[PDB]
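Included below are structure tokens for two forms of one protein chain, each presented in isolation as structure 1 and structure 2.
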Structure 1
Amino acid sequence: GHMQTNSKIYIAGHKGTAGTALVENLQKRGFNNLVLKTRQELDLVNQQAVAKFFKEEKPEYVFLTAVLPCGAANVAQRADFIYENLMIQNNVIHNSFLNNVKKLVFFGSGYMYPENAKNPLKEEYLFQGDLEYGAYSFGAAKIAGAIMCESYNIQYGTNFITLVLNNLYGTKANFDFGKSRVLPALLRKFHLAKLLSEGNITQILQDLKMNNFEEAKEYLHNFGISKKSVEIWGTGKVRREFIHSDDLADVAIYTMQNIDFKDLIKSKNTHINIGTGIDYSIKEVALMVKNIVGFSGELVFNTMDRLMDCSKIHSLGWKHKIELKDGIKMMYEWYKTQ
């Protein structure tokens, strides 16, 4: 149980999804001594500013959540994904070493694993084939971050642990059209399809912030939403897994308190996959959302699988608490209040 009530804990990237979940869960657990810096206060690409922060604040524990994330919308930023993430990683990990940080947790992505690797993905599949093209430079940076943690642990006897996940979600999602991730996008589609099937024209106009029902029906049809059906743009066979941000926070804190480099060690692949151990076809996710929202209509289909093997984290005494059905239900309850 390494971290104590008054241990100084730095959560890097604290305004992000994982960072917000860590701050909330640490405060609930009674951790009273968090240090938090916005991007405007501390640019983690700038070595001079990061070295100064560590020398002047001397945090004891570090959760490194800050990232330039690689997504469909920003995939053109191929150089930024490698440069900015290597700089964040290098500046935080090295200055943590220089200032005698006790322990650090870093987060990897399943983009670090080969595109053609077998599911479920084992930690030892690192370097067993080429990465997916769009996320190639991002995944290469995450590999370097994992190797940076292990290499410091070996040379300098640091305690820097890498946890690797595929897809993070939480209750308070972004539900904006063409800007929303898979679960929130499906939730909103099914909610609006339900409102259409119930003739709640008034609630449709409120939801879309529109003033003309003919215009609203056109807009909904363009997004495959109708009284009788929701269109899934795909075959429905793409598989997806999910981890709730409260489960990410739980396993990150569990790792900080219990899982040391000692416990993991020609030693290599000392990163640890995290997840729920189960995935879902987009068809299965859609039917689950449909059922939770209570839409009486049909799916219609219109046309890289990633599942972590969680054997290692299970063996080290953590498992997830939040099943996807309960996460989607919490997300929908939140949706209705906003």
Structure 2
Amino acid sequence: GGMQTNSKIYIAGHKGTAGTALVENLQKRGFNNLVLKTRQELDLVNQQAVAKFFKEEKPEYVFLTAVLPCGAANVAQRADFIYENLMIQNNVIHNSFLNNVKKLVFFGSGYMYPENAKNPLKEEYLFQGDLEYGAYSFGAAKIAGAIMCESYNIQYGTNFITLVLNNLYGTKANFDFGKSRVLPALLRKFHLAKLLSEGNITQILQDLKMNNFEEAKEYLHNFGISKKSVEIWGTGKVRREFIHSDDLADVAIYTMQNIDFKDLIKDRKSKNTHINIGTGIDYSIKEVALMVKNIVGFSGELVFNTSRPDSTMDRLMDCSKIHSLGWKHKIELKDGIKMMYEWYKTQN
């Protein structure tokens, strides 16, 4: 009946934001029989390496967090987003089946839903219109991962569950400036703005990768940071939903212990058995940036540059299905950002 304290657990991609929170929350709950492989010891795109790993380690449970993620900086990698994510998904999912994995959890993305779908997004809005253009191939790969899980559950009686989320953040998130995840990057930008407005050359230099402070200030300004203001592109009315990675780990563990494919099936032709996860509430980028600015204590202005349009669709999950299955989020956004900022300050 679900995971046991001695169950062998593989968290794929365990160094990422979701993966780190899954490791720490599993062991806080008493599950420490973990199998972990960094990218350098196991390239999940390589089918031979993945098949060898599953044959040797025989994990009983799998949390598949590894991804090549679509972001504003790397959007040109249209081919890589579909190839690499399809290969990770196929390799891990099929080899879990071959080696009699008990349950698996795969994480979907809100980019799998049509660009013009109604918010809040229901699980049955899959395939109801075209995907957003920049995330088109990434979203198609996420669709194929969700359909793969379901197709293995139907043909082979596996228990492979897809949980779909929008924006992740966490106590120990990826604040690196290249793969610019929305909430961690906003937090760091207001933190650097506060350090700049205080005249703190050293901690800026340490917090950045850099040794030339004039180069640092130019780098700050490219991201809208100034002594007396933070400027962000757009109207500020684009709306986003966020989930703290402790809540991500909480629902993923709850799914392992409680939600089986039979719990999701329709009366006949069962489809759309993926489950949305999230907090069910969204905020405008203006409301989020202001919450970060207050938590950080930056004294300067918040400015929205409406000359270059934000373009983006709103994304908010309808979480009524996971609620009915017995799980709801524990961390509200203001409390979650405060957790993230306290860890961030005690870091470098």
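In this text, rigid core is short for the largest set of C-alphas that superpose within 1.5 Å between two forms. Start at 1 and count along the sequence of structure 1; that gives the residue numbers used here.
Just one residue from the list 163, 93, 196, 87 crosses the 2 Å line for C-alpha shift between structures 1 and 2 on a rigid core fit, and it is 196.
The Cα shift for residue 61 between structures 1 and 2, taken after rigid core superposition, is smaller than 2 angstroms. Taking the rigid core as fixed, one finds a CA shift for residue 116 smaller than 2 Å between structures 1 and 2. Annotation for residue 296: C-alpha shift of 2 angstroms or more between structures 1 and 2, rigid core superposed. Once the core of the two forms is superposed, the Cα of residue 236 has moved 2.0 Å between structures 1 and 2. For residue 208, the Cα deviation between structures 1 and 2 after core superposition amounts to 7.9 Å.
Taking the core as the fixed frame between structures 1 and 2, we note the C-alpha of residue 311 moving 0.5 angstrom.
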